[PDB]
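**Q** Residue numbers (the authors' numbering), protein chains in the order written: chain A, 5 to 74; chain N, 2 to 206; chain M, 2 to 74, 94 to 284; chain B, 2 to 284; chain C, 2 to 284; chain J, 2 to 125. The C-beta atom is built at its ideal place from N, Cα and C for all residues, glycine as well. I have a structure I would like to understand better, so I am pasting it below and will then ask my questions one at a time.
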Amino acid sequence: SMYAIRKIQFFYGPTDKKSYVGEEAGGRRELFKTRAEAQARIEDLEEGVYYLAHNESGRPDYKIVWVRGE
Amino acid sequence: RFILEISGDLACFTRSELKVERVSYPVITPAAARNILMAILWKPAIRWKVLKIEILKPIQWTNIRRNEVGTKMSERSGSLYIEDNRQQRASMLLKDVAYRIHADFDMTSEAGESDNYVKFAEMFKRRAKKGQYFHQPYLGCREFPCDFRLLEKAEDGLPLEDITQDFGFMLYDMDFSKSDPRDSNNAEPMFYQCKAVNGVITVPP
Amino acid sequence: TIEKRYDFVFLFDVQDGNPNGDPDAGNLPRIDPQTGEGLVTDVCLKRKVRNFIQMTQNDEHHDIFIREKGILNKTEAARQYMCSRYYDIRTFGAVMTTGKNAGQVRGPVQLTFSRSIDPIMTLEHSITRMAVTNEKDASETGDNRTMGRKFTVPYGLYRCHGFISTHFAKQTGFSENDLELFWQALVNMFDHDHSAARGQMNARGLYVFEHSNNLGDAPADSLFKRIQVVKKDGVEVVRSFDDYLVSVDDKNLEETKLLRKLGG
Amino acid sequence: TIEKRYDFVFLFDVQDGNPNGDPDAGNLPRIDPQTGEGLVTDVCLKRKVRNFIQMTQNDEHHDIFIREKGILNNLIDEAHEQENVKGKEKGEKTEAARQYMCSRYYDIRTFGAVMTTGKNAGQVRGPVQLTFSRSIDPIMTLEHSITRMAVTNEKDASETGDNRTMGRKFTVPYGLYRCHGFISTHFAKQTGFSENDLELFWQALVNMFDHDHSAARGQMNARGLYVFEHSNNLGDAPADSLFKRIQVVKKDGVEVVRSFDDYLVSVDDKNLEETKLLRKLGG
Amino acid sequence: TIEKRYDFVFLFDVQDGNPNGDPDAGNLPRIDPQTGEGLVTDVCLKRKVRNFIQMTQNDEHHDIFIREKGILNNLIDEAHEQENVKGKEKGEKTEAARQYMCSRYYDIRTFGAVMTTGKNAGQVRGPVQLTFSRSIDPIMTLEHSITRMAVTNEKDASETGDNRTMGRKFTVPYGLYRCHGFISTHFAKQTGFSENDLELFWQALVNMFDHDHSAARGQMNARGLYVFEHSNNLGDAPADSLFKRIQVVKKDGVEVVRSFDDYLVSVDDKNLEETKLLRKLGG
Amino acid sequence: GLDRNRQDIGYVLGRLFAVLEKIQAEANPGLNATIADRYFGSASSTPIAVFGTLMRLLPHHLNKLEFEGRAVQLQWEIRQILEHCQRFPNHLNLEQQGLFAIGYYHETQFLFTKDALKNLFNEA
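Encoded structure:
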């Protein structure tokens, strides 16, 4: 259906929270038809240096997911 | 009557419907002025009454957050260990406020022996001049101390007479009646602020 | 038991490090948005006091009732016992689950936000580390690249205003020796607080105004105005305590209010 | 555990090359924007001490929680499944984990440490906190440039011009750095930082630099270590005076600082007779 | 592996030629603007070492990693098809690459190296390190101008007075230069640096310059090589209390220096003999 | 503008160098070669090396200048400028090294002006 990415973020202190990708801006969460686009998207996020926020434990984990077509 | 002016850097008077995360009023609270007067001189026989309130400088916001605990302490407990309780809280603080007040007072039922109107008025003037009180009046919270100068009329920056916006219905006070000594339980009288041009006028019942 | 109103002014400075990072915008030192100077909320000072007392005395009459795990691990009768047991609870007060009127128990001492004399500027160091946090993806292929952004300030100064109110001390029994303890505390409140984030924070000067009667004689505004602190004219960039000037006026206060120089 | 609170002042200089390089601007040595003085963040010096321990001991009770390449979370888990930690329930489990880890790794005992990632094992403030370090007089950086005589990949045997290979290696000619350090008795009692370990720490700082050499660093060495030893548990007096007793200043003649003999160090011990002891180690 | 730990000082002069020129400032020698002293970046002297080895050894177990014209990724990949083709499964495959590289190329076994371009093969800090080296007393560069008989191209076909563009050459009338070198042990144990390599290295230093003469450099030499030898893996005494015992001073009589007879060399051996050793190599 | 008598060493040395350069320019018209890359690097720290050496050969350039008026005017100008100095310093502080450049460029701007030197000479 609609392929996309699940986003998880681990903070120091056992807590941690979840949100998709594409919730940054006016555009809603972004939708890819093919898993290949999602794989490339994962790669290009993994490419760069990662700048930690405050009270952040380690580099985030992305996993791939297809969401039922909205 | 009496005319007084209050000054200070910071002040919040939290609405009810947002008490969880502070959203202060634009204007001062008619209930608050009562207690501010009572701070200088509390007797068990005096009933205060506020008549006129005057803004002085344009309203101005800032925002802040700090770490809180939300568990009222109880006898059965030993301590709190706040690390297991913290609830970060935000606040909408007014900045750089000075207000002017016209107010008077009357007598309660328990007039007592020394129920002389004149002596209470005189000692109030004395305490206002020398700087005397049970405790420094707040400005809606203990951390914002205020400063009060007893003046006659027009002894500060010219009042900001500019017509300002409405505010709908506003907190007035909290009834003491159905409560015995030490305010067992209370209700909440309201009023209508109705955007006074510059001088907000407190109507009695 | 105390019987006179008290006021005081407190002067303290941060050498290098962050006093109170905002928990809303990353961790930057709090700064007043439209002027460039940096606040320090009172509650931080109150916490440092409570920690000092818990660390120093360690016996009865001097428990704190608001602890931090790191350091260590009819109604009127109970209320009086309790307000006799914990130094903190009788000093700054507390609010009971139930009591005379919603549990309000105030206590004498009060404090206030402590601004800075001059506008202040911040530095954002970028910081790294050896090992990856978790084996998740393990960052094995040299991907441990991560940055930390630790904050700092170069130097400043801070003014704090504090009150007392003896009437509350009546119903809390604030003995004058407790007040002496309080003075000693704020004098030495900093040597027992060192953490990487804050860096070296230091206490400069304490000035105590004492009245004669219970209700006071002179409105405290002038009492504060007597002390003045100014930037030295020559320098345009402040870097130490040497760049400031402190002036005390004891020409008129001697009527019925005494002044001390406990701080220095 | 230890007995008496300590404070101290530390003096070291850089001969040639960059002590700490900002990951925001190449490897420019860290610099104050206004005064023009050089900054060396503490974590660098902490890292150097950790490295010295790594070199010197190679024994249990002295391992270090942070190393060149290791999964922290795996270390926490390993420490987690031991008999004491297994036996207790969750509430006491964190404290047990803290106690075991503090028993094992010298680093966590001395400095601070944070561990809440997987199976949480708490936070420890650690006794020996340590401050920034500043440079006495403003320093200048000599932007050096170098060349390579090969090319990394096979993509270009010959560049558009010559092989670019323009490498930059920054250096600093001189400057005295000072820092201030504290040790706490009460916090020490919690994690068991014992006296002998303090002895090891003093030895470390005295001989810390000789065992850290690199291309970029150049010659470094340490000059001064002055120690104030409080008498009673609580403070004798505020530290600030104790620091202000010793000072360093430029000799009047020079205006381009290029050695130690340019500077002058003076120690104050007249009003010392108070119970605070001054012990000098650096020289 | 070496069972001691070495620190040494080195003294070399230049007669009439540019020792190493700014890759940017035309080609003029590298000088310290504020004090007007000379500079010789370390990589230059190290590269001279590598050239010496290239000429002398020319077999396996002394091949050199950096060459006149080569592809680095090719050298890494070639190592990736040794016996350990995949048997280490990317966990220590990189570590196996490090071991093989350090097994072959004497350059990497001695000085540090970085091999993480393609199929990353590791990093080595390097048991030996060297500092920048600078001039005892200021030097003054004598710019020149020279002329070539014939024109390179035909673009400037016409020959006029302004034609036959001169181009330049730089020289230094004299100088002297101090070098400071450190040898680690604990780092040595990792990459198998052996005693025999050290002997080769001393012979490399003493006889470096005779085997390297170009047009620009002109004559250079080696005035002194002194080695202080520790007696423990632990640093017996700090660096400076060693180095200050070898003091070189301008003689009084001359105001302008022109040759080694002017300078004076003093070696101090008061009591270091008890544990430390001093051996003379330069002379 | 340009200070007549700022009197700090760098500025006067910079003016001197600029004048020498302009002399070299008009002395050899059919040329583009600039003493700039030749001696700014020398001039910053140790003028004592370079200034006198240049002064050795100024007279040749001056004589090779064709027109008498320019030569005598520039002669008087350098006589004016050299009045401020008393001794070639051997080393310069950082601000001196920069102010040397500022002086050079101000002097070049002033010289390239159409007739200012003519007016000043005519006053003389």
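(1) At a Cβ threshold of 9 Å, is A/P64 touching chain B?
(2) Would you mind stating whether B/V268 and B/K277 have Cβ atoms separated by less than 9 Å?
(3) State the start and end residues of the unbroken beta strand (DSSP E) segment that holds M/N222.
(4) Which residues does DSSP pair with B/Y106 in a beta bridge?
(5) Going by the beta-carbon positions, is the gap between J/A44 and J/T109 smaller than 9 Å?
(6) Once DSSP output is grouped into helix, strand and coil, what is the label at J/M56?
(7) Buried or exposed: where does M/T142 fall if 16 or more other Cβ atoms within 10 Å of its Cβ makes it buried?
(8) Contact between the segment 182-198 of chain B and the segment 51-61 of chain B: three or more CB pairs below 8 Å?
(9) So for M/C45, helix, strand or coil by DSSP?
(10) Could you tell me whether the Cβ of B/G119 comes closer than 9 Å to any Cβ of chain A?
(11) Going by the CB atoms, is the gap between C/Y178 and C/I147 shorter than 9 Å?
(12) Okay, do the segment 11-22 of chain C and the segment 237-253 of chain B touch, 3+ Cβ pairs below 8 Å being the bar?
(13) Run through the segment 137-208 of chain B for me and flag every whole alpha helix (DSSP H) of 4 or more residues, listed as ranges in chain order.
(14) So for J/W77, helix, strand or coil by DSSP?
(15) Quick check on DSSP: helix, strand or coil for N/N117?
(16) Taking only three categories from DSSP, how would you classify J/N64?
(17) Listed in chain order, which residues of the segment 154-182 of chain B have Cβ atoms closer than 8 Å to some Cβ of chain M?
(18) Report all residues from its chain with a CB closer than 8 Å to the CB of C/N164; omit the five preceding and five following residues, and keep chain order.
(19) Going straight from the alpha carbon of C/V129 to that of M/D33, what length do you get?
(20) By Cβ distance, which residues of its chain are closer than 6 Å to J/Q74, with the 5 residues on each side in sequence left out?
(21) I'd like to know if the segment 4-19 of chain M and the segment 172-187 of chain M are in contact, where contact means that at least 3 CB-CB pairs between them fall below 8 Å.
(22) Output the residue ranges of the alpha helix (DSSP H) runs that lie fully inside the segment 107-178 of chain N and measure 4 residues or longer, sorted by chain position.
(23) Is the segment 97-109 of chain N touching the segment 38-55 of chain N in the sense that three or more CB pairs, one from each, lie closer than 8 Å?
(24) Hey, is the segment 118-134 of chain C in contact with the segment 40-57 of chain C, meaning 3+ C-beta pairs nearer than 8 Å?
(25) Which residues, in order along the segment 97-120 of chain B, keep a beta-carbon less than 7 Å from a beta-carbon of chain A?
(26) Applying the 10 Å Cβ sphere with the 16-neighbour rule, what's the burial state of C/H214?
(27) By Cβ distance, which residues of its chain are closer than 7 Å to C/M102, with the 5 residues on each side in sequence left out?
(28) Please say whether B/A205 and B/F53 have beta carbons closer to each other than 9 Å?
(29) Under the rule that 16 or more other beta-carbon atoms within 10 Å means buried, what is M/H212, buried or exposed?
(30) Classify N/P59: buried if its beta carbon has 16 or more other beta carbons within 10 angstroms, exposed otherwise.
(31) Could you run through the segment 31-65 of chain M and flag, in chain order, every residue whose CB is less than 7 Å away from some CB of chain B?
(32) Does B/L226 have its Cβ less than 9 Å from a Cβ in chain M?
(33) Quick one: is M/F194 near chain B, going by C-beta distance under 9 Å?
(34) Using the rule of at least 16 other Cβ atoms within 10 Å of the residue's Cβ for burial, across every protein chain shown, is residue 80 of chain M buried or exposed?
(35) Between J/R16 and J/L32, is the Cβ-Cβ spacing less than 9 Å?
(36) Along chain B, which residues have their Cβ under 8 Å away from the Cβ of C/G236?
**A** Quick look at the numbers:
(1) No - not a single Cβ of chain B is within 9 Å of the one on A/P64.
(2) A distance of 9 Å or more separates the beta carbons of B/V268 and B/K277.
(3) For M/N222, the enclosing beta strand (DSSP E) stretches over residues 220-230.
(4) According to DSSP, B/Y106 bridges with nothing at all.
(5) No, the pair does not count as a contact, with Cβ atoms beyond the cut-off.
(6) In the structure shown, J/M56 adopts helical secondary structure according to DSSP, grouped into three states.
(7) Counting the other CB atoms within 10 Å of its CB gives M/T142 a total below 16, which places it among the exposed residues.
(8) Three or more Cβ pairs closer than 8 Å define a contact, and the segment 182-198 of chain B falls short of that threshold against the segment 51-61 of chain B.
(9) DSSP places M/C45 in helix when its eight states are reduced to three.
(10) The C-beta of B/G119 comes closer than 9 Å to at least one C-beta of chain A.
(11) No, Cβ-Cβ distance for C/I147 and C/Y178 is not below 9 Å.
(12) Contact between the segment 11-22 of chain C and the segment 237-253 of chain B is absent, because fewer than three Cβ pairs lie under 8 Å.
(13) Here the runs fully enclosed are 186-192, 196-207.
(14) Helix.
(15) The DSSP-derived three-state label of N/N117 is coil.
(16) Helix.
(17) Result list: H181.
(18) By the criterion of a C-beta distance shorter than 8 Å, C/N164 is surrounded in its chain by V152, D157, once the five residues flanking it on both sides are discounted.
(19) So the alpha carbons of these two residues sit roughly 53 Å apart.
(20) Non-local beta-carbon contacts of J/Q74 in its own chain, meaning distances under 6 Å to residues more than five positions away in sequence, involve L118, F122 in chain order.
(21) Yes, the segment 4-19 of chain M touches the segment 172-187 of chain M.
(22) Here the runs fully enclosed are 118-131.
(23) Yes: the two stretches touch, three or more of their Cβ pairs being nearer than 8 Å.
(24) These segments touch.
(25) Within the segment 97-120 of chain B, the qualifying residues are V115, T117, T118.
(26) By the neighbour-count rule (16 or more Cβ atoms within 10 Å), C/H214 is not buried but exposed.
(27) Exclusion of the five residues before and after C/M102 leaves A80, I109, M116, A122 as the residues of its chain whose Cβ lies within less than 7 Å of its Cβ.
(28) Going by C-beta atoms, B/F53 is nearer than 9 Å to B/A205.
(29) M/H212 is buried by the Cβ-count criterion.
(30) Result: exposed.
(31) If the cut-off is 7 Å between Cβ atoms, the segment 31-65 of chain M has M56, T57 near chain B.
(32) So, not an interface residue.
(33) No, no contact with chain B.
(34) Since the model of chain M includes 74 and then 94 but nothing between them, residue 80 of chain M has no atomic positions to report.
(35) No. Outside cutoff.
(36) Under the 8 Å cutoff, chain B gives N208, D211, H212.
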